[PDB]
Protein chains: 2
Amino acid sequence: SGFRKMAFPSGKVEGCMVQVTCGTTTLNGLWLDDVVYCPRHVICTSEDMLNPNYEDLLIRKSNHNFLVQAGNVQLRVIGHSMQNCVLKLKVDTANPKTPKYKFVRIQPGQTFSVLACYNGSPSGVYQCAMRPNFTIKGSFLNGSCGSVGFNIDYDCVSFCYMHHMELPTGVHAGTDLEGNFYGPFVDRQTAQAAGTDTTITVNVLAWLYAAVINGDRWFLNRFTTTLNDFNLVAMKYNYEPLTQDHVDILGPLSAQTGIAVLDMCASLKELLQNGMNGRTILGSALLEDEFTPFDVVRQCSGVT
Amino acid sequence: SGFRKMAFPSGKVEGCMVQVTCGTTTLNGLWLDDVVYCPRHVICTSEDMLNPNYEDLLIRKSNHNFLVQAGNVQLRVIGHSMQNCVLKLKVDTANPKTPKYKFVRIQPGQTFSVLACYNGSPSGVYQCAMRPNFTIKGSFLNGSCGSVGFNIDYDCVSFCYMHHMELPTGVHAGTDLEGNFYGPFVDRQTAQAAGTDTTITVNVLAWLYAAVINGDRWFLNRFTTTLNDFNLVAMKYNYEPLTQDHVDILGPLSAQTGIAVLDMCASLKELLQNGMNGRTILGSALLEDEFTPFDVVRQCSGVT
Ligand SMILES: CC(C)OCCCN(Cc1ccco1)C(=O)Nc1cn(C)c(=O)c2ccccc12
Ligand SMILES: CC(C)OCCCN(Cc1ccco1)C(=O)Nc1cn(C)c(=O)c2ccccc12
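Conventions used here
- Residues numbered from 1 in each chain as written, not as in the entry; some residues may be left out.
- Chains lettered and ligands numbered in written order.
- Heavy atoms only, no water.
- Least-squares fit on C-alpha atoms.
- Near = heavy atom within 4 Å.
- Polar contact = N/O pair within 3.5 Å; in protein donor to acceptor, adjacent residues only side chain to side chain.
- Areas by Shrake-Rupley, 256 points an atom, 1.4 Å probe, with all protein chains shown as cover.
- Domains from an automatic or database assignment.
- Contact = heavy atoms within 4.5 Å.
- Salt bridge = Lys/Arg side-chain N within 4 Å of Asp/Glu carboxyl O.
- Helix = DSSP H or I, 4+ residues; strand = E, 2+ residues; numbered from the N terminus.
- Nonpolar A, V, L, I, M, F, W, Y, C, P; charged D, E, K, R; others polar.
- Pairing = 2+ DSSP bridges.
- Axes fitted to C-alpha atoms, helices over the stretch in contact; angles between N-to-C directions.
- Parallel < 35°, antiparallel > 145°, perpendicular 65-115°, else oblique.
- Left-handed = near helix turned anticlockwise from the far one by under 90°.

- As documented in the archive entry, the model was determined using X-ray crystallography at 1.480 Å resolution.

- Per the PDB entry, the recorded name for chain A is 3C-like proteinase, and the organism is Severe acute respiratory syndrome coronavirus 2.
- The title given to this PDB entry is "Group deposition SARS-CoV-2 main protease in complex with inhibitors from the COVID Moonshot -- Crystal Structure of SARS-CoV-2 main protease in complex with MAT-POS-b5746674-38 (Mpro-x12350)".

**A few points about the relation of the copies chain B and chain A**
- Superposing chain B onto chain A takes a rotation of 180° combined with a translation of 0.0 Å along the rotation axis, leaving an RMSD of 0.0 Å. The relationship between the two copies is best expressed as a two-fold rotation axis. Of the C-alpha atoms belonging to chain B, the one lying closest to the rotation axis is found on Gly 11 of chain B, 1.8 Å away.

**Describing the site of ligand 2**
All names here are of chain B.
- Around ligand 2 there are 13 residues in total, and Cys 44, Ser 46, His 164, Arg 188 and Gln 189 lie nearest to it.
- Here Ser 46 contributes a side-chain N or O atom positioned 2.9 Å from an oxygen atom of ligand 2.
- Relative to its free-state accessible area of 640 Å², ligand 2 is covered by the protein chains to the extent of 62%.
- Among the domains, domain 1 (1–14 + 100–197) and domain 2 (15–99) are the pair contributing at least three residues each to the shell around ligand 2.

**Points about the interface of chain B and chain A**
- Listed as interface residues are 42 residues of chain B and, on the opposing side, 42 residues of chain A.
- The interface formed by chain B and chain A contains two salt bridges.
- For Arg 4 of chain B, the salt bridge is made with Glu 290 of chain A, and the minimal N-O distance between the two is 2.9 Å.
- Joining chain B to chain A, the criterion identifies 23 residue pairs in polar contact.
- Of all the elements in the fold, those that place two or more residues in the side of chain B that touches chain A are helix 1 (11–14), strand 9 (111–118), strand 10 (121–129) and helix 8 (293–301) of chain B.
- Ranked by residues supplied to the side of chain B that touches chain A, first place goes to strand 10 of chain B with eight residues.
- Each residue belonging to the side of chain B that touches chain A can be placed in one class, and the counts come to 17 nonpolar, 19 polar and six charged.

**Things to note about the sheet that holds strand 7 (residues 86–91) of chain A**
Residue and element names in this part refer to chain A.
- Taken together, seven strands build an open sheet; the order of strands is 5-4-1-2-3-7-6 and the sheet is antiparallel. Two strands lie at the open edges of the sheet, namely strand 5 (73–75) and strand 6 (77–83), each paired on one side alone. In this sheet, neighbouring strand axes are inclined to one another by 35° on average, regardless of whether the strands run parallel or antiparallel.

**Re the packing of helix 3 (residues 201–213) of chain B against helix 8 of chain B**
All names here are of chain B.
- Running from N to C, helix 3 and helix 8 point in directions that differ by 20°, and their axes come no closer than 8 Å. Put simply, helix 3 runs roughly parallel to helix 8. In the packing of helix 3 onto helix 8, the handedness of the crossing is right-handed. Side by side, helix 3 and helix 8 meet where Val 202, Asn 203, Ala 206, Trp 207, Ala 210 and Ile 213 of the first sit next to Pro 293, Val 296 and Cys 300 of the second.
- Split by residue class, the contact of helix 3 with helix 8 holds eight nonpolar, one polar and no charged.

**Section: the environment of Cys 300 of chain B**
- Relative to the elements of secondary structure, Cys 300 of chain B occurs in helix 8.
- As a C-alpha pair, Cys 300 of chain B and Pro 132 of chain B span 168 residues in sequence and 25 Å in three-dimensional space.

**A word on the pairing of strand 6 of chain A**
Residues and elements named next belong to chain A.
- Pairing analysis gives six bridges linking strand 6 to strand 7, with the strands arranged antiparallel. Its bridge partner being in strand 7, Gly 79 is matched across the sheet by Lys 90.
- Here strand 6 hands over to strand 7 after two residues, with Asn 84 in that stretch at a positive phi of 55°.

In structure tokens form, the structure reads like this:
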């Protein structure tokens, strides 16, 4: 029992972190096989970041201008290319610690772990979610660009995020491992505002199921609702609309607890309308939305 | 910017996890050098757990009765001994992945990361704190015994916790790596109640400093207080008393923000008395106490 915000074990990703330096700019890179992936803004000077033309700036860079250091040893760069907002640096040595991996582009509401790194060295690991406005609420200081987000399925690491930027409001933006930004963000120092950060409804419901499984049941009410009635309330409270696909995904949690999905929706509707009244659920005084239904099943069953 | 509950990178500890089986009981072990450390109740059957006499039960066990599996390969046990509530199994092979390490016994209020494991395989990593009642609020299912808690200082892992038990209230109890339980708990299936789980005041203050550093400043008030006046309020709200040692530890955070420690105490006093009024601090609707002042400095400075 007990329910914690849990990150994946980070070892498989730690073995991939390298430092990439171009000129006087240093950030993190991800070394998989004989390729090092890093944010393309490693080629920029501070002055270039106001309005960079990456294709033009890249012309002034050769293989020998990219310094890649894995631990305290230098990797030889034998090729380089730009794919969207990431640079792929071909090195002469395959990473001996390369885990089985995939590159995946996640949808909003999906969670993942971030291994925050500085100078190619891991500092910590935390769990977060792709917000519905395509930002993440991370913990990133200068030098953390190139840190990655991932999920693990047994022995395969699915990389889903690479850190690029902080918006002026302190929220974070980045790309998938193909270099495509999540959301409308661009790698340029121009003020970019985020859209509404709505609450991930299917994740709140999953966490209410986790709470029932662990014995926090005070919020269970005597009501039910429909998807349409619930969604009227969800819209009022800036919660994402609940679809039958979300209901389907909650099926195993509904089966384990015996609480119909629409009954849990009605309990969540009452929590939104009445508030918590100074009470807590799983040690939180607000409704947690960074656990997917799969995370709850995984944590409550002990998948390794 | 951004402030997250961050665990240490778990790779160095992942390389130490093994599965230990004795008879039909299986749990996790920690392999450092040529010794595997695990909870002594691996020698017990379910019936023995009601009132075990470990010294007597251990007489019926030889080296060949302990099965230690590291990955999918078996380690040869060449010696065994009981130290308090842990068994030390001497193996014929030093763990090639043994990191630099120390065994430390932490004080209440100190935080650490837990690598939850099942069958010697890591499932996840989370950050928690030794509560003032010497329990931890973890996330542990059957099979998680032997999972460890640790802190990392550059390349040295300081192991501070080994998981042994869940109390009937769903909170967790365990030992240091010398086998001494934190608190008064015993490894026997007898109902054991925990004392008052008070809030770690110095950690709440540290987290209020982290909030100011990241721009959440609404709670900053126009008051100051004294240690004695603050402690009258702390006692009323089941907060640990604040000492001058805690004030000393908050010094670097006071210096960085320009907010005197006693001024932050007065702001915390007003939050305790007025509540949050539906507002949040660092995305939390309650006062967080599982960040030490050192964790805040580390996270806000980017120590790797
Ligand atoms: C858009 C994201 C990716 O980067 C944002 C941060 C960009 N950097 C850091 C960086 C990345 C590569 C090379 O330098 C940066 O120096 N920008 C600034 C540019 N200029 C001209 C300023 O005057 C300035 C003033 C204050 C703070 C930042 C800046
Ligand atoms: C005290 C801590 C360490 O262990 C608590 C759990 C102890 N175990 C598991 C275990 C560890 C080693 C061997 O078995 C256990 O089986 N106890 C029970 C004993 N008996 C006799 C019951 O009837 C019973 C009924 C329901 C649930 C648990 C038990």
